[PDB]
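These notes are about the structure you will find just below.
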Amino acid sequence: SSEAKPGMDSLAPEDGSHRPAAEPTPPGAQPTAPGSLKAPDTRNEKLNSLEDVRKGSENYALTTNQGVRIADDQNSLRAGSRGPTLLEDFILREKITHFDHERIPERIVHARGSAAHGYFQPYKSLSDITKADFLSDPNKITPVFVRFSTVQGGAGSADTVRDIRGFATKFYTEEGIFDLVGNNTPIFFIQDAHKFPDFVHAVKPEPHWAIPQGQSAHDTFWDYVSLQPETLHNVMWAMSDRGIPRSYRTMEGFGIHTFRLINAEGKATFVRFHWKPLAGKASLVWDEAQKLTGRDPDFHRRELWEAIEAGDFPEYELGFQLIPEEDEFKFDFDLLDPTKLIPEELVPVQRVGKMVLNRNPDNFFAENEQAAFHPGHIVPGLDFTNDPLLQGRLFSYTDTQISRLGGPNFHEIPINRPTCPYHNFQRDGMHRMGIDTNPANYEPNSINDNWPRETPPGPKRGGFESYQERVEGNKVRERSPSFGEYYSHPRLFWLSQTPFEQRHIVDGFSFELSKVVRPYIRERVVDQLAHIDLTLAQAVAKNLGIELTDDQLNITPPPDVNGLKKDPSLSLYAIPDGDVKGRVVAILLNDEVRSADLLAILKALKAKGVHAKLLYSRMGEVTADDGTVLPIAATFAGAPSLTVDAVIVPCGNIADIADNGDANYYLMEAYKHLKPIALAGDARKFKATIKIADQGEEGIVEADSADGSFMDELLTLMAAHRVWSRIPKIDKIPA
Amino acid sequence: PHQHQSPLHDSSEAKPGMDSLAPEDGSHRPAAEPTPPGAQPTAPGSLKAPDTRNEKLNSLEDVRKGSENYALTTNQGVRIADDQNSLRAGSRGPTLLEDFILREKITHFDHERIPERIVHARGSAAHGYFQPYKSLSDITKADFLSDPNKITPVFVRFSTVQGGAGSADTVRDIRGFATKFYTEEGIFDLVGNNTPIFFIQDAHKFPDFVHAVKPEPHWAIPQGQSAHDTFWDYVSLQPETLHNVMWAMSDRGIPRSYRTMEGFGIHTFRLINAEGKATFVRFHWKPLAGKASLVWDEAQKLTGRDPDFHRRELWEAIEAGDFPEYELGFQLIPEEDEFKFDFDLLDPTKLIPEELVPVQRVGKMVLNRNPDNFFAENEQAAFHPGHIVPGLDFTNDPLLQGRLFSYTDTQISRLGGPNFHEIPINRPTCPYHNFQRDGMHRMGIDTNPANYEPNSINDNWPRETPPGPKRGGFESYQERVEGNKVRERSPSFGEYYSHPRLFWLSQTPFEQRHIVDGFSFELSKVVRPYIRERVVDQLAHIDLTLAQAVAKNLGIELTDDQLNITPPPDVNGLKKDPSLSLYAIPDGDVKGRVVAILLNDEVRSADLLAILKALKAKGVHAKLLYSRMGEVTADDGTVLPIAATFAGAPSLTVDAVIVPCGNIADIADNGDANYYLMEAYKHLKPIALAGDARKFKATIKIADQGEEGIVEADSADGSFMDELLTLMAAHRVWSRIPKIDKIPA
Amino acid sequence: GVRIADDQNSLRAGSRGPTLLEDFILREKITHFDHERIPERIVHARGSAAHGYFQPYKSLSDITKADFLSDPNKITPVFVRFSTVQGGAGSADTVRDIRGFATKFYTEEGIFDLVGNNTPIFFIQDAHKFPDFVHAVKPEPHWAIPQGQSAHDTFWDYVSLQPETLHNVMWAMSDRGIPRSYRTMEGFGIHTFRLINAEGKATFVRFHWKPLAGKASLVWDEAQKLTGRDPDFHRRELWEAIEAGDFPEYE
Amino acid sequence: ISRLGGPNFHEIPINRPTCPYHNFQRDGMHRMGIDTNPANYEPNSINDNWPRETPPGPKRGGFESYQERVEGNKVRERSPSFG
Amino acid sequence: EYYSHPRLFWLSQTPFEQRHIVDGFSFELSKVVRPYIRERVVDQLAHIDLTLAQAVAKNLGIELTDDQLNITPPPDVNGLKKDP
Ligand code: HEM
Ligand code: HEM
Ligand code: HEM
């Protein structure tokens, strides 16, 4: 009955094993913790400015929100032991009221997201092309807050779904907040913002039954796509492995729209923003990603948090595609068309700076959930263009943030606050934090000598002025004829893919269309694919039991994009960029592990910054051949192959795990998913479960012992991400 | 010199770069020192009195925003170049959707308003401090009452009840008097009214009573008035309302200032000491400035001439250094004495007569600083009687019981969520730590690994604190509860006429006349005559003299049966209690009062010098009035600045009128000057006439020999000013009442 | 009520010009879209519902004066929502959790809501502990992990320190925590309530829902993998059974 | 939106049109209207593209803005004619 | 009283249902990072049923103390050992 009474006092273990070490530790070594407790020495101007709202807990009394000390937090106030609860229990009512009101509306789109703190630093001054203060000095450090997201799913949906990913960066500049709100693909599905609710309604769960969550694999999405060919380009990206990234650290970022850079002389240069991952480009395979939404719906959120806790800081290079004003009409596509990409072969990405994400938040709700990004948040030195999708976004973000964040003072929520000064004549509104002392709440005023005052535009610390673009035309609701091309960009993307990426696009479309109940929708989508590429259209049609007509086989292919048939920068894997730091290997233990193998495996993995998870049939410990006590991180079922990048089976008492269904399935799944597998000594007997002949094959590392050559072979395979050459062999594998 | 021309006459007013617009002489800036009302423009508290400070005011510095020498920016910190124009395609073209500066500015403006308070929507607030006279550790373990040297910052909001946030101050209504104590052991809110009782007994009836008093639902009329059918319909059918109605119909319902009214918690609460002993308590606020009220005609007309009179007077008194001061008082009743009275201690429609249980002086509260921003500090302030601290507890009073639920519930929608305690004005100054998370507008960033208890992950922190003599956890007094679950009023509450009778007989004859006139005026506004008759029938159960006088004014004749109604009994042997009268016991202070001085084009400087010297010595303010603004020149050449016109600052706004000598012919035939005196005369205010100004006695129908309340002499001097200040100490000239009815004003 | 001529384009100054603030059609369409979401339920945010009817077998006037239970021919329309507890509105169906079973009875004498779960008991004894228990089971505050799972430190920390939770924990750990369908689980009001008859006599009562389809549950590996292959499995099965005429029935 | 608690303020009885109103807008706080349309987007084939756009015409036609000619640079500037 | 109702439930289950309860606890506790929490939960299970606690402990590499093996089972519920 002591559990139902005040107080329980000290409940922590005497050994202090409840507390995680405040130092970089590998994933699973320590319990995860709020950022300021895990890495207190990791700081920047924004993190430091948040100290005034940080609340501790240690050695403090439990109180009401009014500061009244609570004596009993286990019971309601009642008339007797077994009596009715009394209306006068203000402690119960305050505690329950706050609980009852915890939830706020989720984001209309990108509701599912994971965020981190970091910093940006430019390589050199960009004063020749932009007067933006954050890009003016190589020694200028700009704090950032980045949120990565899916699009369709709710805040409680799964991470490894097939979707476009959001990549939003809040720059806390000395001249205002700049939000770069992008996606992991260089194009969007639609051309004009007016269609945004139509497209979103089509991709989102269907209105009658609210199915499916985090999936475009349903009738309404494909109905919209079939009737709106402008969507075909982004659909091609979503159907590719781009739609299933391995991690937020292994995907690209793009602003999509052409914006303008404005220099001190007033010269405008067209710009498209890019984020290039230091970890390279890497994606999952469909079966692995779908099953991973089951085994770990928080996979990406977890991987992001744990990489930062390990010191494997996600790093991205900021890049600009720069086009002079006089080159506006030099391309086959309209620069203002967000369904069109600018090929890197035509306009190269100029590396401008680097962003490092080095600290997790303290409280997910207060920092991540309440963060408000808006592409309308630009600074002097930047400007918009007439892109009709960007134009509409400018209205949307401010409007949605009012209801989501409960009013017009959302900029006063700590995460959203600028670190630079902010002063104006705006007043009141729900939850007003700032107390204005200004005698005047209007301008022009004489009572406060007209302060705060306007600042003229200038080279630095000047007021914002829009680029004086010449506008000529009649007031029309009309799409520009220049935007009326829908097939060349999807064709360019398709031909830029490797044959194995092309197979994955075919399988992506085939799987999704098989989930469409109305067959005519499938047929209409296949007809659209025939206007892109006949090989793609035939391969999808075959998987759907659809036969193409003679007329469909005679469809003239769309033209090249300014002479380009393909661009290898559009492929995830064509150009190698694979880094092993931060990757994870499963190590399948047995009851009498050969310690020499394990010592060599771990030493080689550590040298490359590759993590390991020791797996067994149960938790606790196992004892090696030399007496070394090995702690078990998880079971074979607990941390499936889906969650790792490679599998290593060291030697020892193999008979212990040879007939274990879970051990054999672990290898079969990793095999099917094209993951590198390494087998030492008697572990080579597992080749039988994966149908591999005695002579072996590429992608299966094997030797008498785990040593120098063995580990170099496995790490080289890990640098290539997956064993693509294994694809013809997986179809026979029951996994 | 005084011919300042505008810096803007052309298209430059539509362009950026208007730059410095303040006058070169710096006359735009008010002096950051105590100044009398109207001497300087009013200003935010931190700019007017920067040296006036307390723990709460100091803790608000982190959210205070400046302005001087700063760039005009968006809420994102982006410097604005042009705040005069929208972005358009050409100078005569359409506004562009891409104008984010316009949209942010208009969005914030479009969302400025929040719901007003359901009741007490009209209010005025100030910062201050409380300090107890001595330790009260024998009766309460409350930290704020434990040491005479312990200073507790306060935030007080005074209010009306019925009217909206934009309604008038000098209405006939009950007034709210809410005090937020920022104690070291939590926030304690003492949420009271200016009368010792409420209209109703059980909280379940609160929406019925409020809906009846509020504007009628079909047409939303009347504002700030109980003078309508529904209110009197409810009163006529609910005799429990009669006691507070008597207070509302008296001059208590029309206070002169928030500084000149009493405050009461109404409910019996409990004080809990370190030994666990409970003592029943009723809270009182005793005004240092004494008790003073307006008269009906004066109050009603003042809602027109200055709907902001009380808000204004409160703000200016603090700016002048005439700080509102109130003594905290306790009526203490031992637990064993619970059933010793004719009335139920838990009945909020019953007062505890001071003759039976005296008010014990406990401490003093001083309001010494105005807020910086009315919306941020006053509008967003959230008071709740449920906000008690260890050393205090509730009782079973059925009105208090329901209040405990209401305040938290209303504050969620009014203040946009459960984090309203994070709004700067509402924040405790003492530590606050718990496992509550999220909610709209969450400011606090919790670093605790645990958001639950019991927990081992944070070694169970924050932790429960056992109850104790000081710094202990809150524990409810272990009151014995015995009875069946019932929706039933206690028979003990079923007495409605003795307390209204006690109040009535405690009033002076002139206060009694004002109660009769209050009821008569209000009931004359009721359209359905049967309602008037039913109310008169209720008055006959209180006092026959009262009922007959009201009935006469309404053309109603009392029946033989009504004339034979047995009067209600005394209250524990008391027929009356002089503490219930505003004026029976003198307590009139002159400091902070205002005198209108009616100037002429050639004022006798000797009179004006003597008048101003004597007023200043007593801390009485003066306003120099004339037929126009600017200046007038005295007989000796002294240049006199005019504060307002006769029409601009009417007699309603002042406590007394002085007319010095000089060129009286200049103002003798001025309608406004004569009406000024006629109005002040009708409203029973002291009037002083020097030399040729005595010719004004003809407009007020006063004989050559004069009368009490009219100060007159050959010149304004020592005796003249002492006579006027003695009249001002008595507040009004009650003896003048029989003469005012013939006055056309 | 204004007829729209073109729902494909924003209003702009020229075919490649800026969007104009005067496009009231665009702004209304985007404003509504921008404000579609409302807060999800604090608990039981993931749920699936259907319309139906209730009918008593005989008059229960001897034990209760409740009008909906007074006549065997009295048909009471119902709205039922089945749910999980921990997960968001976008979380998966076949998680290991307790299930909600809420019934709204549209009676002739007012709405009666029978708000129950698929287990006969709850985790805790006093409502004061509800935010403590919920915060412990929900995603951890620093990183908002895990979704739809009690398989994390804070939940088991609370359970280890609060033995009153053990009973409902046993039920959650059993196959009761992974039902095959909402049609194949029991329902309970958990609390003892009172029935009051016309003579004023009180009888203590505990409410039960007995599935006509019987009791059936998944196995853990299947339930977990099914949160991946079909996170909408229960919502789908409920909708489709109704569309097929295989009406969920409960006594 | 803030004064009336959401985007469905047109469903408040006084604000309701007396003429028909049908579109693809959904949800929002206090949604009164229960949409039966299988589609909540356009173009759609699942509901044969209904509700449909109406071309502008003499009566009962769709709204079209007057094709005013716009010529000028993007400026934050008062017209001298207003001075 | 916290153990007699969990025991009644446990004893009312089929051996395959009991195996599934053991596996439920084992899988969940394997996901708990702090080992002392797993041990404290196993200690609670020992106050319910020793067969249940031992089976969960084995899957977690936890060894029950002599004191834990000597924990007296909670009483039956009004004479019932099981309710099918
Ligand atoms: C280039 C095409 C687009 C991109 C790259 C994009 C990207 C994003 C991203 C990354 C977020 C989430 C930011 C966060 O982490 O909180 C988001 C939020 C959102 N976007 Fe966009 N978006 C696009 C187009 C649109 C359009 C056309 C509209 C509407 C006209 C729109 C309306 C919204 C809204 C309402 C939100 C939720 C904002 C909030 O609640 O704070 N987006 N978008
Ligand atoms: C002794 C009888 C009563 C007294 C002295 C009293 C006094 C007051 C005062 C002074 C205020 C305004 C606080 C401020 O300045 O912000 C107020 C507000 C209010 N009162 Fe009472 N009240 C009484 C009874 C009730 C009852 C019975 C209820 C309902 C159960 C109630 C509900 C409210 C509500 C809902 C507000 C608005 C508070 C807010 O919006 O922050 N009051 N009361
Ligand atoms: C016998 C124990 C309990 C049972 C069976 C139970 C059951 C449920 C169910 C089924 C719902 C979802 C109704 C729906 O489909 O919308 C729910 C909602 C909820 N429950 Fe309970 N509950 C219990 C205890 C609690 C406690 C102790 C509290 C708080 C003190 C609580 C607070 C809530 C809240 C706030 C909601 C959301 C209601 C809404 O947003 O409409 N529940 N509960």
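In the structure tokens, each chain is lettered A, B, ... as it comes, each chain's residues begin at 1, and ligands are numbered from 1 in order of appearance.
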
Item to check | Selection near residue 2 in chain D, 7 Å with only C-alpha atoms, sequence-local residues under 3 positions removed, as a PyMOL selection string | outcome: (chain B and resi 111) or (chain D and resi 5-6)

Expected file contents, prior selection, C-alpha atoms, as a PDB file, in the first residue's frame:
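The result, stored in selection_19.pdb:
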ATOM      1  CA  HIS B 111      -5.856  38.646 -34.476  1.00  0.00           C
TER       2      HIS B 111
ATOM      3  CA  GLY D   5     -13.257  29.726 -34.425  1.00  0.00           C
ATOM      4  CA  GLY D   6     -12.327  28.263 -37.784  1.00  0.00           C
TER       5      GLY D   6
END

Checklist entry - Residues at most 12 Å from residue 663 in chain B, counting only C-alpha atoms, excluding those fewer than 5 positions away in the same chain, as a list in words? => result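 My list of contacting residues is residues 598, 599, 600, 601, 602, 603, 604, 605, 632, 633, 634, 635, 668, 690, 691, 692 and 693 of chain B.
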
I need the residues from that last selection saved to file as an mmCIF file, in the first residue's frame (with N, CA, C and O atoms), if you can.
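File written: part.cif
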data_model
loop_
_atom_site.group_PDB
_atom_site.id
_atom_site.type_symbol
_atom_site.label_atom_id
_atom_site.label_comp_id
_atom_site.auth_asym_id
_atom_site.auth_seq_id
_atom_site.Cartn_x
_atom_site.Cartn_y
_atom_site.Cartn_z
ATOM 1 N N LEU B 598 -12.745 78.292 -11.351
ATOM 2 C CA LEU B 598 -13.329 78.974 -12.499
ATOM 3 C C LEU B 598 -12.677 80.328 -12.704
ATOM 4 O O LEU B 598 -12.886 81.244 -11.922
ATOM 5 N N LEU B 599 -11.820 80.420 -13.723
ATOM 6 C CA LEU B 599 -11.073 81.642 -14.027
ATOM 7 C C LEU B 599 -11.915 82.661 -14.788
ATOM 8 O O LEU B 599 -13.002 82.350 -15.276
ATOM 9 N N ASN B 600 -11.395 83.886 -14.881
ATOM 10 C CA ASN B 600 -11.926 85.010 -15.653
ATOM 11 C C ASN B 600 -10.731 85.673 -16.358
ATOM 12 O O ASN B 600 -9.595 85.280 -16.092
ATOM 13 N N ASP B 601 -10.961 86.647 -17.259
ATOM 14 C CA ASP B 601 -9.857 87.272 -18.012
ATOM 15 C C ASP B 601 -8.902 88.185 -17.222
ATOM 16 O O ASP B 601 -7.847 88.549 -17.742
ATOM 17 N N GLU B 602 -9.244 88.532 -15.965
ATOM 18 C CA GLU B 602 -8.390 89.370 -15.109
ATOM 19 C C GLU B 602 -8.509 88.947 -13.639
ATOM 20 O O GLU B 602 -9.046 89.684 -12.803
ATOM 21 N N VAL B 603 -8.043 87.714 -13.348
ATOM 22 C CA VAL B 603 -8.087 87.097 -12.021
ATOM 23 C C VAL B 603 -7.260 87.892 -11.001
ATOM 24 O O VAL B 603 -6.168 88.375 -11.326
ATOM 25 N N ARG B 604 -7.796 88.009 -9.767
ATOM 26 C CA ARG B 604 -7.144 88.628 -8.621
ATOM 27 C C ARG B 604 -6.098 87.605 -8.162
ATOM 28 O O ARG B 604 -6.457 86.571 -7.589
ATOM 29 N N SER B 605 -4.814 87.856 -8.505
ATOM 30 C CA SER B 605 -3.679 86.971 -8.203
ATOM 31 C C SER B 605 -3.532 86.613 -6.730
ATOM 32 O O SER B 605 -3.135 85.489 -6.427
ATOM 33 N N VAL B 632 -4.683 83.011 -19.686
ATOM 34 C CA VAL B 632 -5.311 84.241 -19.213
ATOM 35 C C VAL B 632 -4.265 84.962 -18.371
ATOM 36 O O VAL B 632 -3.381 84.306 -17.806
ATOM 37 N N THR B 633 -4.340 86.299 -18.327
ATOM 38 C CA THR B 633 -3.412 87.135 -17.571
ATOM 39 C C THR B 633 -4.089 87.694 -16.316
ATOM 40 O O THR B 633 -5.161 88.294 -16.396
ATOM 41 N N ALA B 634 -3.432 87.507 -15.165
ATOM 42 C CA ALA B 634 -3.908 87.965 -13.864
ATOM 43 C C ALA B 634 -3.737 89.492 -13.697
ATOM 44 O O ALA B 634 -3.052 90.125 -14.506
ATOM 45 N N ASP B 635 -4.383 90.083 -12.671
ATOM 46 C CA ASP B 635 -4.326 91.525 -12.387
ATOM 47 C C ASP B 635 -2.894 92.084 -12.245
ATOM 48 O O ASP B 635 -2.661 93.246 -12.581
ATOM 49 N N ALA B 668 -19.956 86.112 -15.739
ATOM 50 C CA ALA B 668 -21.280 86.268 -15.113
ATOM 51 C C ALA B 668 -22.456 85.829 -16.003
ATOM 52 O O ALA B 668 -23.421 85.253 -15.497
ATOM 53 N N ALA B 690 -15.355 84.027 -3.792
ATOM 54 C CA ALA B 690 -14.603 85.157 -3.237
ATOM 55 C C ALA B 690 -14.964 86.475 -3.925
ATOM 56 O O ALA B 690 -15.074 86.526 -5.148
ATOM 57 N N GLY B 691 -15.150 87.522 -3.134
ATOM 58 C CA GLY B 691 -15.465 88.859 -3.625
ATOM 59 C C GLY B 691 -16.684 88.930 -4.524
ATOM 60 O O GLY B 691 -17.751 88.435 -4.154
ATOM 61 N N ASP B 692 -16.513 89.517 -5.731
ATOM 62 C CA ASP B 692 -17.573 89.661 -6.735
ATOM 63 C C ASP B 692 -18.127 88.336 -7.273
ATOM 64 O O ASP B 692 -19.203 88.333 -7.877
ATOM 65 N N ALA B 693 -17.429 87.203 -7.008
ATOM 66 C CA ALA B 693 -17.902 85.873 -7.381
ATOM 67 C C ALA B 693 -19.138 85.486 -6.558
ATOM 68 O O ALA B 693 -19.888 84.606 -6.976
#

Checklist entry - Quick one: residues within 7 Å of range 11-22 of chain E, only C-alpha atoms counted, chain neighbours fewer than 4 positions away excluded, as a list in words? => result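 Close residues of range 11-22 of chain E: residues 173, 174 and 175 of chain C; 7, 26, 52, 55, 56, 81, 82, 83 and 84 of chain E.
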
Selected residues written out with N, CA and C atoms, as a PDB file, in the first residue's frame:
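Below you can see part-v3.pdb, which holds the result:
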ATOM      1  N   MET C 173       0.001  -7.940 -21.973  1.00  0.00           N
ATOM      2  CA  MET C 173       1.080  -8.836 -22.361  1.00  0.00           C
ATOM      3  C   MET C 173       0.566 -10.127 -23.005  1.00  0.00           C
ATOM      4  N   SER C 174      -0.705 -10.490 -22.741  1.00  0.00           N
ATOM      5  CA  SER C 174      -1.362 -11.673 -23.310  1.00  0.00           C
ATOM      6  C   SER C 174      -1.815 -11.366 -24.754  1.00  0.00           C
ATOM      7  N   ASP C 175      -2.370 -12.387 -25.446  1.00  0.00           N
ATOM      8  CA  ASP C 175      -2.901 -12.186 -26.794  1.00  0.00           C
ATOM      9  C   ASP C 175      -4.133 -11.257 -26.811  1.00  0.00           C
TER      10      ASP C 175
ATOM     11  N   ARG E   7      -2.532 -13.242 -10.721  1.00  0.00           N
ATOM     12  CA  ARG E   7      -2.336 -14.691 -10.619  1.00  0.00           C
ATOM     13  C   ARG E   7      -3.561 -15.439 -11.180  1.00  0.00           C
ATOM     14  N   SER E  26       8.933 -10.851 -22.134  1.00  0.00           N
ATOM     15  CA  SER E  26      10.328 -11.018 -22.543  1.00  0.00           C
ATOM     16  C   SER E  26      10.699 -10.053 -23.669  1.00  0.00           C
ATOM     17  N   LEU E  52       6.015 -18.065 -14.176  1.00  0.00           N
ATOM     18  CA  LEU E  52       5.998 -16.900 -15.047  1.00  0.00           C
ATOM     19  C   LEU E  52       7.315 -16.114 -14.890  1.00  0.00           C
ATOM     20  N   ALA E  55      10.477 -17.980 -16.245  1.00  0.00           N
ATOM     21  CA  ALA E  55      10.471 -18.066 -17.703  1.00  0.00           C
ATOM     22  C   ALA E  55      10.858 -16.742 -18.330  1.00  0.00           C
ATOM     23  N   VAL E  56      10.377 -15.616 -17.753  1.00  0.00           N
ATOM     24  CA  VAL E  56      10.724 -14.279 -18.225  1.00  0.00           C
ATOM     25  C   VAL E  56      12.214 -13.991 -17.928  1.00  0.00           C
ATOM     26  N   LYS E  81      -9.208 -20.629  -8.111  1.00  0.00           N
ATOM     27  CA  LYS E  81      -7.817 -20.749  -8.563  1.00  0.00           C
ATOM     28  C   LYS E  81      -7.758 -20.347 -10.023  1.00  0.00           C
ATOM     29  N   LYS E  82      -8.865 -20.591 -10.765  1.00  0.00           N
ATOM     30  CA  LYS E  82      -8.997 -20.246 -12.176  1.00  0.00           C
ATOM     31  C   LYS E  82     -10.438 -19.931 -12.604  1.00  0.00           C
ATOM     32  N   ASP E  83     -10.580 -19.124 -13.663  1.00  0.00           N
ATOM     33  CA  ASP E  83     -11.882 -18.822 -14.246  1.00  0.00           C
ATOM     34  C   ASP E  83     -11.713 -18.906 -15.762  1.00  0.00           C
ATOM     35  N   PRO E  84     -12.235 -19.985 -16.409  1.00  0.00           N
ATOM     36  CA  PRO E  84     -12.020 -20.157 -17.870  1.00  0.00           C
ATOM     37  C   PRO E  84     -12.563 -19.054 -18.788  1.00  0.00           C
TER      38      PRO E  84
END

Next on the checklist: Give me, as number ranges by chain, the set of residues whose atoms come within 7 Å of any atom of ligand 1, counting only C-alpha atoms and all ligand atoms.
Outcome noted: A: 107-110, 113, 147-149, 166-168, 181-183, 187-188, 193-194, 196, 255-257, 338, 371-373, 389-390, 392-393, 396-397, 400-401, 404; C: 30, 34

Residues up to 6 Å from ligand 2, counting only C-alpha atoms and all ligand atoms: could you list those as a compact mmCIF listing (two decimals) with N, CA and C atoms, in the first residue's frame?
# COMPACT_ATOMS: atom_id res chain seq x y z
N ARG B 117 -13.53 38.74 -20.30
CA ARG B 117 -14.00 38.00 -19.12
C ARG B 117 -15.52 37.88 -19.20
N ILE B 118 -16.08 36.69 -18.85
CA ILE B 118 -17.53 36.46 -18.89
C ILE B 118 -18.27 37.51 -18.01
N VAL B 119 -17.66 37.84 -16.87
CA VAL B 119 -18.12 38.84 -15.92
C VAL B 119 -16.88 39.60 -15.51
N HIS B 120 -17.07 40.84 -14.99
CA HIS B 120 -15.95 41.71 -14.56
C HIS B 120 -15.05 42.06 -15.79
N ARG B 157 -6.62 44.14 -9.54
CA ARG B 157 -7.52 44.56 -10.60
C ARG B 157 -8.86 44.90 -9.99
N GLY B 176 -15.63 44.61 -8.42
CA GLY B 176 -14.68 43.56 -8.10
C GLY B 176 -13.43 44.19 -7.52
N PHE B 177 -12.72 43.45 -6.67
CA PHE B 177 -11.48 43.89 -6.01
C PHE B 177 -10.67 42.60 -5.87
N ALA B 178 -9.84 42.34 -6.90
CA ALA B 178 -9.05 41.11 -6.97
C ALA B 178 -7.58 41.40 -6.73
N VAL B 191 -9.92 37.02 -4.40
CA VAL B 191 -10.85 37.51 -5.42
C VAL B 191 -12.19 37.94 -4.79
N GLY B 192 -12.27 39.22 -4.45
CA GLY B 192 -13.43 39.77 -3.75
C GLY B 192 -14.22 40.83 -4.47
N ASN B 193 -15.23 41.36 -3.76
CA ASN B 193 -16.10 42.43 -4.24
C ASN B 193 -16.12 43.60 -3.23
N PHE B 198 -22.88 38.22 -1.48
CA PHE B 198 -23.18 38.07 -2.90
C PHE B 198 -24.72 37.97 -3.08
N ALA B 203 -23.66 28.19 -6.40
CA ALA B 203 -23.00 28.42 -7.69
C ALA B 203 -23.79 27.93 -8.91
N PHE B 206 -25.48 30.71 -10.67
CA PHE B 206 -24.68 31.80 -11.23
C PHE B 206 -25.01 32.18 -12.68
N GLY B 265 -13.89 39.41 0.92
CA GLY B 265 -13.81 38.12 0.27
C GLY B 265 -15.17 37.44 0.21
N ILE B 266 -16.13 37.94 1.02
CA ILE B 266 -17.49 37.41 1.13
C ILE B 266 -17.54 36.06 1.87
N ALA B 382 -4.99 36.63 -14.78
CA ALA B 382 -5.95 35.59 -14.44
C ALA B 382 -5.96 35.37 -12.93
N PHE B 383 -7.04 35.77 -12.28
CA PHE B 383 -7.25 35.62 -10.83
C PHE B 383 -8.18 34.44 -10.59
N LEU B 399 -21.39 28.51 -2.88
CA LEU B 399 -21.07 29.47 -3.93
C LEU B 399 -19.57 29.39 -4.18
N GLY B 402 -18.48 26.08 -6.09
CA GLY B 402 -18.64 26.13 -7.54
C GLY B 402 -17.65 27.05 -8.23
N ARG B 403 -17.27 28.18 -7.56
CA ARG B 403 -16.26 29.12 -8.04
C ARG B 403 -14.95 28.36 -8.31
N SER B 406 -15.10 26.97 -11.91
CA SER B 406 -15.28 27.99 -12.92
C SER B 406 -14.04 28.72 -13.44
N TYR B 407 -13.21 29.24 -12.53
CA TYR B 407 -12.07 30.07 -12.93
C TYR B 407 -11.03 29.37 -13.80
N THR B 410 -12.80 28.77 -17.37
CA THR B 410 -12.93 29.95 -18.21
C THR B 410 -11.60 30.45 -18.75
N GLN B 411 -10.53 30.37 -17.93
CA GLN B 411 -9.20 30.85 -18.28
C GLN B 411 -8.56 30.09 -19.44

Checklist entry - If you count only C-alpha atoms, which residues fall within 8 Å of residue 191 in chain A, apart from same-chain ones fewer than 6 positions away, as a PyMOL selection string? => result chain A and resi 230+337-339+388-389+483
